[PDB]
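Here the structure is laid out as structure tokens; the discussion comes afterwards.
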Amino acid sequence: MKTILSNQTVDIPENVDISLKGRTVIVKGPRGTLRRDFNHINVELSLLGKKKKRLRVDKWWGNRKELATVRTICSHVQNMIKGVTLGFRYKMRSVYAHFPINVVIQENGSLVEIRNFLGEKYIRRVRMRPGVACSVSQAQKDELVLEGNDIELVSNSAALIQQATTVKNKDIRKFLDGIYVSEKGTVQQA
Amino acid sequence: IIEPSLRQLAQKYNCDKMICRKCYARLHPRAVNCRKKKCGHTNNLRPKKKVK
Amino acid sequence: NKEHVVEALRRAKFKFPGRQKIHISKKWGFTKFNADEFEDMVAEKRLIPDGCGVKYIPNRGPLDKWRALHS
Amino acid sequence: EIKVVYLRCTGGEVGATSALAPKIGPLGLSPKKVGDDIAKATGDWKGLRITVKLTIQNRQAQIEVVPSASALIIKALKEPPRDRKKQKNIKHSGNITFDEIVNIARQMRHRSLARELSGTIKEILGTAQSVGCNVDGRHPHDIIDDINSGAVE
Amino acid sequence: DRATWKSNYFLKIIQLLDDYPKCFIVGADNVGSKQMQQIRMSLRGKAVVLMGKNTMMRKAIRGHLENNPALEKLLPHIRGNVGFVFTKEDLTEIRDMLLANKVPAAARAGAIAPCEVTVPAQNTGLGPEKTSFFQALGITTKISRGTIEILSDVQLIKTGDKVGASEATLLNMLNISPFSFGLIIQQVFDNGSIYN
Amino acid sequence: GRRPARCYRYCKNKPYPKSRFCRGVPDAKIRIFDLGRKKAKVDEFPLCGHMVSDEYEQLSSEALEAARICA
RNA sequence: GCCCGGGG
RNA sequence: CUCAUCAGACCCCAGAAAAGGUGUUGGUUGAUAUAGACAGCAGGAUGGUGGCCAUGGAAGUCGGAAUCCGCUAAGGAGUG
Ligand SMILES: [Mg+2]
Ligand SMILES: [Mg+2]
Ligand SMILES: [Zn+2]
């Protein structure tokens, strides 16, 4: 069945200046600007209401695999909106059993130096994705804080740390040590 | 040892999983079908075994 | 016990080569008579229950069988 | 000083180990007699583990008896006690009467989380056939008496 | 069985309509079970509160479009966790019995307190333990002589502000509650007249 | 011991019963054809479900016993 | 047409 | 209609089955639905009862037999 029309609208706040050049979305907020391109999807992106209040997404004549890409665009634009308003803060905790995991942050918060993960002499060097700040959180013993505007770079950098501190050639249900994403929130709460 | 607040966090990504019986894939805990094409997206799933 | 019947034959299917269907019959048990018409035609003394199945009583025998059935 | 606390005893028959000590031991009063100090004025039970919340004074306890409904309808028609043998067919047998319905549905009025006693002459009767005793029959005779014809406060 | 209990719930609304032509539209979320049984059992002859889905009672207005013309002005009012109170007696006696109908419960971790909540400065009676969860924002604790002593009264909750998880857990181990369970009113409909 | 059933799945030959011309035939693996309450009356078990074949094929006695054990 | 809702 | 990180492509004929797939498309049957459903977000989970029987004790929270009531919007003598 070719559904004649699937639409979904996203409400855009007063704090955000949004723009579109075809199927790229340029979201502007207090924390900076996010561009994301969507020419891989073939939708209609309408910017309706003067003062640009609602962003509307249309898919005309789509089967199920094309209808599933409307709400994906709306959720991506929403994640960009919360990226430029409130940011993204991924709080990782460093679980250890016997060997304390020593984390040293270098280059403004763009490189992680992981040492003594399970008593290894090998030092893990994890380079952050561009624009993601990395920081050891105060008032907490073994925690690390990732802050940014792109959720897909913040969460990918968290995944890079997590898959860098992986246990090999043992039982991972007993050898539970590593640095794991514990909280997913924003930089600025609301 | 490890405090249980951190132990639940480690167990969430380490053993709170469902395992395909045909291709041993490590799937999310609410999985009904396996994600891998090699098992034909089968629904023969077991819980991942826990340590004693 | 209908779903238990269907799962029993569906499990027993795998012992057999080829393709088998599972069909809930229109009849009443192991009889040649339909399950809907069965009970009132027992009531009208057209089927006398005889062990596992029934015996059909037609309107064709000697009348002493009809008197013995309708006594 | 007035004390109120949960308590579980064996009633009248002698038990092997106390079930009262881990809370009322440091309460000052005697934690030794409490295997049968909840049997001061039983009268009817004498062989059953009775569940009691009573009022505790600083010297010894005070008489406050709140039963089970199962115990209440076991002691509608009294059964003899047994020792630690505990043989078969100790399940209650004996036809409860309407008098023994309406004497101990009064114990369902003074908890007062119900309807009036009309609602509880079904409640204790629904306990009665579960514990094993009947009023002139089981429920397809009890509800016959209970519809439009149950005597009540 | 249920296919007649739908219209029997409707006929229970009808039983209240056929005795009582005025409404105290109560909006009461998270009320207690046994105390709501007691709500039925308290003023049982003169008022009772029913519980259910607001959209059936708003459809019952169009079911009574011109046979109960009083309740026609009660459609766009019903918002929230709403029960219905139907009374004949007065505007005073049933209301000031429902005003003090209270029961305490421990401080909820995820809910709100609608007034300014204070902290009881007294001893707890239990010995040394962890401390800093009460100094999470700066409120002092003077642990001395075994019992846990608080110095003075720095208030817990400001009006219009939420009561979070950690600070409610502080009062859950302390057995301190901000207020009790209230049967709060939203709007009323008195004999063909709509006030607040 | 015995061949897999794919050797004798299809009804290729003419029917060949045991008779005075076919001797030295071992007994079938299946012997009992009725299970459960055989002595149940006709009004006690009204619902009947069939496993109906969809092919002109040959079912072994070993399979006919395995399916009746499974069911 | 009338009523409700919001977008100029 | 169909996407194949093994696609498919024309009698004989030149290679495949049982079984399986919340891939995707259709159809059949039955419910559960504007007397407002299904997720999702919260709230209540009641007294009789802390049940006779076993088991030291099991109080819905090891087990087998009991599976009724009422105030009810509801709650099984209780799924973990
Ligand atoms: Mg090894
Ligand atoms: Mg041949
Ligand atoms: Zn698999």
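Here's how to read the names in the structure tokens: chain A, B, ... by the order shown, residue numbers from 1 in each chain, ligand numbers from 1 in the order shown.
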Using only C-alpha atoms (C1' of nucleotides) and all ligand atoms, which residues of the polymer chains come no farther than 8 Å from ligand 2? I'd like the answer as a tab-separated table (two decimals) with N, CA and C atoms, in the first residue's frame.
chain	number	residue	atom	x	y	z
F	12	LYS	N	4.99	-45.73	-5.83
F	12	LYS	CA	5.44	-46.12	-7.16
F	12	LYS	C	4.96	-47.50	-7.58
F	13	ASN	N	4.98	-48.47	-6.68
F	13	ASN	CA	4.58	-49.83	-6.99
F	13	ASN	C	3.07	-50.00	-6.86
F	14	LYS	N	2.59	-51.14	-7.35
F	14	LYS	CA	1.23	-51.58	-7.08
F	14	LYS	C	1.11	-51.98	-5.62
Discussion item. Taking only C-alpha atoms (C1' of nucleotides) and all ligand atoms and a cut-off of 12 Å, can you tell me which residues surround ligand 1, written as a PyMOL selection string?
Written reply: chain A and resi 167-172+175
Dump the neighbourhood of ligand 3 as a compact mmCIF listing (two decimals) with C-alpha atoms, in the first residue's frame: all residues within 10 Å, distances computed on only C-alpha atoms (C1' of nucleotides) and all ligand atoms.
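The resulting file, selection_27.txt, is reproduced below:
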# COMPACT_ATOMS: atom_id res chain seq x y z
CA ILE B 19 21.12 -15.05 23.08
CA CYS B 20 20.05 -16.51 19.75
CA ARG B 21 20.15 -20.30 19.94
CA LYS B 22 21.18 -20.70 16.30
CA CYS B 23 23.94 -18.11 15.89
CA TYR B 24 24.80 -17.14 19.53
CA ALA B 25 24.24 -13.44 18.87
CA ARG B 26 24.16 -11.13 21.89
CA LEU B 27 20.79 -9.36 21.61
CA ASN B 33 13.80 -12.14 16.91
CA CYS B 34 17.52 -12.28 16.27
CA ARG B 35 19.00 -9.45 14.24
CA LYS B 36 21.43 -11.51 12.17
CA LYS B 37 20.48 -12.64 8.68
CA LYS B 38 22.58 -15.80 9.10
CA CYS B 39 19.99 -17.34 11.42
CA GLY B 40 17.05 -16.16 9.31
CA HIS B 41 15.99 -13.61 11.98
CA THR B 42 14.87 -16.54 14.13
CA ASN B 43 12.80 -16.32 17.30
CA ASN B 44 14.57 -19.18 19.08
CA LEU B 45 16.06 -17.06 21.85
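Considering the residues H:13, H:24, H:64, H:33 and counting only C-alpha atoms (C1' of nucleotides), chain A has its shortest atom-to-atom contact with H:24.
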Discussion item. Residues within 9 Å of residue 50 (chain H), please, as a PyMOL selection string. Count only C-alpha atoms (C1' of nucleotides); anything in the same chain fewer than 2 positions from it doesn't count.
Written reply: (chain D and resi 8+51-52+68) or (chain H and resi 59)
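Taking only C-alpha atoms (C1' of nucleotides), the non-local environment of residue 91 (chain D) within 10 Å (same-chain residues fewer than 4 positions away omitted) comprises residues 74, 79, 131, 132 and 133 of chain D; 52 and 53 of chain H.
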Would you write out those residues with C-alpha atoms (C1' of nucleotides), as a PDB file, in the first residue's frame?
ATOM      1  CA  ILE D  74     -12.640 -23.533  64.116  1.00  0.00           C
ATOM      2  CA  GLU D  79     -12.439 -29.627  68.225  1.00  0.00           C
ATOM      3  CA  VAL D 131     -11.633 -24.105  56.528  1.00  0.00           C
ATOM      4  CA  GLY D 132     -13.899 -27.123  56.072  1.00  0.00           C
ATOM      5  CA  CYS D 133     -17.153 -26.636  57.976  1.00  0.00           C
TER       6      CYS D 133
ATOM      7  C1'   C H  52      -7.068 -24.447  57.839  1.00  0.00           C
ATOM      8  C1'   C H  53      -3.666 -28.571  56.718  1.00  0.00           C
TER       9        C H  53
END
Worksheet item: Neighbours of residue 133 (chain E) within 9 Å (only C-alpha atoms (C1' of nucleotides); same-chain residues fewer than 5 positions away dropped), as a list in words?
Response: residues 166, 167 and 170 of chain E
Deliver the residues from the most recent selection as a file, using N, CA, C and O atoms, as a PDB file, in the first residue's frame.
ATOM      1  N   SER E 166      16.104  12.274  46.035  1.00  0.00           N
ATOM      2  CA  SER E 166      17.024  12.129  47.160  1.00  0.00           C
ATOM      3  C   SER E 166      16.464  12.765  48.427  1.00  0.00           C
ATOM      4  O   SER E 166      16.514  12.168  49.508  1.00  0.00           O
ATOM      5  N   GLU E 167      15.904  13.972  48.305  1.00  0.00           N
ATOM      6  CA  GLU E 167      15.358  14.656  49.469  1.00  0.00           C
ATOM      7  C   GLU E 167      14.095  13.982  49.988  1.00  0.00           C
ATOM      8  O   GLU E 167      13.820  14.045  51.191  1.00  0.00           O
ATOM      9  N   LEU E 170      15.398  11.069  51.984  1.00  0.00           N
ATOM     10  CA  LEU E 170      15.805  11.589  53.291  1.00  0.00           C
ATOM     11  C   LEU E 170      14.663  11.553  54.295  1.00  0.00           C
ATOM     12  O   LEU E 170      14.863  11.175  55.454  1.00  0.00           O
TER      13      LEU E 170
END
Worksheet item: Would you give me, as a ChimeraX atom specification, the residues in chain A that DSSP reads as alpha helix (DSSP H)?
Response: /A:64-67,70-85,151-164
Output for the residues just chosen: N, CA, C and O atoms as a tab-separated table (two decimals), in the first residue's frame:
chain	number	residue	atom	x	y	z
A	64	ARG	N	6.09	1.25	3.50
A	64	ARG	CA	6.37	1.24	4.94
A	64	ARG	C	7.81	1.64	5.25
A	64	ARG	O	8.07	2.40	6.19
A	65	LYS	N	8.75	1.18	4.43
A	65	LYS	CA	10.15	1.54	4.60
A	65	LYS	C	10.44	3.00	4.27
A	65	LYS	O	11.50	3.50	4.65
A	66	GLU	N	9.55	3.68	3.56
A	66	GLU	CA	9.70	5.11	3.34
A	66	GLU	C	8.88	5.92	4.33
A	66	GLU	O	9.19	7.09	4.58
A	67	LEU	N	7.83	5.33	4.89
A	67	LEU	CA	7.04	6.01	5.90
A	67	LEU	C	7.77	6.04	7.23
A	67	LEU	O	7.56	6.94	8.04
A	70	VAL	N	10.01	9.40	8.33
A	70	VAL	CA	9.46	10.72	8.63
A	70	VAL	C	9.71	11.09	10.08
A	70	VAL	O	10.26	12.15	10.40
A	71	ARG	N	9.32	10.20	10.98
A	71	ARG	CA	9.53	10.42	12.40
A	71	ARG	C	11.00	10.35	12.77
A	71	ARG	O	11.42	10.97	13.74
A	72	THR	N	11.80	9.63	11.99
A	72	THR	CA	13.24	9.63	12.18
A	72	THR	C	13.82	11.02	11.95
A	72	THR	O	14.64	11.49	12.74
A	73	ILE	N	13.36	11.72	10.90
A	73	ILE	CA	13.80	13.09	10.65
A	73	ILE	C	13.33	14.02	11.74
A	73	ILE	O	14.06	14.91	12.18
A	74	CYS	N	12.10	13.82	12.21
A	74	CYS	CA	11.58	14.66	13.27
A	74	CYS	C	12.32	14.45	14.58
A	74	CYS	O	12.62	15.42	15.28
A	75	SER	N	12.68	13.22	14.89
A	75	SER	CA	13.47	12.95	16.09
A	75	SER	C	14.90	13.44	15.95
A	75	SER	O	15.49	13.87	16.94
A	76	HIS	N	15.47	13.40	14.75
A	76	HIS	CA	16.81	13.95	14.56
A	76	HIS	C	16.83	15.46	14.71
A	76	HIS	O	17.73	16.00	15.36
A	77	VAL	N	15.84	16.15	14.14
A	77	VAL	CA	15.74	17.59	14.29
A	77	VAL	C	15.43	17.97	15.73
A	77	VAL	O	15.94	18.97	16.24
A	78	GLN	N	14.63	17.15	16.41
A	78	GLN	CA	14.42	17.40	17.83
A	78	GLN	C	15.70	17.23	18.63
A	78	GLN	O	15.98	18.07	19.48
A	79	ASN	N	16.50	16.20	18.33
A	79	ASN	CA	17.78	16.04	19.00
A	79	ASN	C	18.74	17.19	18.70
A	79	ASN	O	19.51	17.59	19.57
A	80	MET	N	18.64	17.79	17.52
A	80	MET	CA	19.45	18.96	17.21
A	80	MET	C	18.97	20.18	18.00
A	80	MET	O	19.78	21.02	18.42
A	81	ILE	N	17.65	20.28	18.18
A	81	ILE	CA	17.07	21.38	18.94
A	81	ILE	C	17.48	21.30	20.41
A	81	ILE	O	17.91	22.30	21.00
A	82	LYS	N	17.38	20.11	21.01
A	82	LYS	CA	17.88	19.96	22.37
A	82	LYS	C	19.39	20.02	22.44
A	82	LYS	O	19.93	20.34	23.50
A	83	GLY	N	20.09	19.77	21.34
A	83	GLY	CA	21.53	19.97	21.34
A	83	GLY	C	21.92	21.43	21.42
A	83	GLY	O	22.85	21.79	22.14
A	84	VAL	N	21.21	22.30	20.70
A	84	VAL	CA	21.57	23.71	20.73
A	84	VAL	C	20.92	24.46	21.89
A	84	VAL	O	21.42	25.53	22.26
A	85	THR	N	19.85	23.94	22.48
A	85	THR	CA	19.30	24.58	23.67
A	85	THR	C	19.94	24.05	24.95
A	85	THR	O	20.46	24.83	25.75
A	151	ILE	N	24.38	14.71	19.45
A	151	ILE	CA	24.19	13.48	20.19
A	151	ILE	C	24.92	12.33	19.51
A	151	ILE	O	25.48	11.46	20.18
A	152	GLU	N	25.00	12.34	18.18
A	152	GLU	CA	25.67	11.26	17.47
A	152	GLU	C	27.19	11.34	17.56
A	152	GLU	O	27.86	10.37	17.22
A	153	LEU	N	27.76	12.47	17.99
A	153	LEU	CA	29.18	12.47	18.32
A	153	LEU	C	29.43	12.22	19.80
A	153	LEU	O	30.40	11.53	20.13
A	154	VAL	N	28.58	12.76	20.68
A	154	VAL	CA	28.73	12.53	22.12
A	154	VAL	C	28.58	11.05	22.45
A	154	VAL	O	29.42	10.46	23.14
A	155	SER	N	27.54	10.42	21.91
A	155	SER	CA	27.28	9.03	22.22
A	155	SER	C	28.24	8.10	21.50
A	155	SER	O	28.58	7.03	22.03
A	156	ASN	N	28.72	8.48	20.32
A	156	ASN	CA	29.77	7.71	19.66
A	156	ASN	C	31.08	7.77	20.42
A	156	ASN	O	31.80	6.78	20.49
A	157	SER	N	31.42	8.93	20.99
A	157	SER	CA	32.62	9.05	21.80
A	157	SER	C	32.52	8.24	23.08
A	157	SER	O	33.50	7.62	23.52
A	158	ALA	N	31.33	8.22	23.69
A	158	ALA	CA	31.08	7.36	24.84
A	158	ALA	C	31.22	5.89	24.47
A	158	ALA	O	31.80	5.11	25.23
A	159	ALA	N	30.71	5.51	23.30
A	159	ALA	CA	30.89	4.15	22.80
A	159	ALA	C	32.35	3.83	22.53
A	159	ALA	O	32.76	2.68	22.73
A	160	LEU	N	33.13	4.81	22.07
A	160	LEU	CA	34.56	4.59	21.85
A	160	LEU	C	35.29	4.31	23.15
A	160	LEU	O	36.12	3.40	23.21
A	161	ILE	N	34.98	5.07	24.21
A	161	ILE	CA	35.56	4.81	25.53
A	161	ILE	C	35.13	3.44	26.04
A	161	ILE	O	35.95	2.67	26.58
A	162	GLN	N	33.85	3.11	25.88
A	162	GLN	CA	33.29	1.86	26.38
A	162	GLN	C	33.89	0.65	25.68
A	162	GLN	O	34.23	-0.34	26.34
A	163	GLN	N	34.04	0.70	24.37
A	163	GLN	CA	34.63	-0.40	23.63
A	163	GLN	C	36.15	-0.39	23.67
A	163	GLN	O	36.77	-1.38	23.28
A	164	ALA	N	36.77	0.71	24.12
A	164	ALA	CA	38.19	0.68	24.41
A	164	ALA	C	38.48	0.00	25.74
A	164	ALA	O	39.49	-0.70	25.86
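Among the candidate residues H:23, H:80, H:15, H:8, the one lying nearest to chain A is H:23, with distances computed using only C-alpha atoms (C1' of nucleotides).
Closest approach to chain D among H:10, H:58, H:71, H:42: H:71, based on only C-alpha atoms (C1' of nucleotides).
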Fill in: Two-atom distance - CA of residue 172 (chain E), CA of residue 184 (chain E) (Å)
23.8 Å
Fill in: Nearby residues (only C-alpha atoms (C1' of nucleotides)) at most 12 Å from residue 90 (chain E), same-chain spacing under 2 positions excluded, as number ranges by chain
E: 20, 22-24, 46-47, 86-88, 92-97, 190-191
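Taking CA of residue 34 (chain F) and CA of residue 34 (chain C) as endpoints, the distance between them is 22.1 Å.
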Worksheet entry | Sel. of strand (DSSP E or B) residues, region 32-193 of chain E, as a PyMOL selection string | chain E and resi 49-51+82-86+112+117+142-143+148-149+157+162+185-189
Fill in: Contact residues (chain H, partner chain D, 6 Å, only C-alpha atoms (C1' of nucleotides)) as number ranges by chain
H: 47, 52, 66, 68-71
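Between CA of residue 105 (chain E) and CA of residue 35 (chain E) there is a distance of 12.3 Å.
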Discussion item. Which residues are close to region 13-19 of chain C, i.e. within 12 Å by only C-alpha atoms (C1' of nucleotides), leaving aside same-chain residues fewer than 3 positions away? Reply as a ChimeraX atom specification.
Written reply: /C:6-10,22 /F:4-10,50-71 /H:17-19
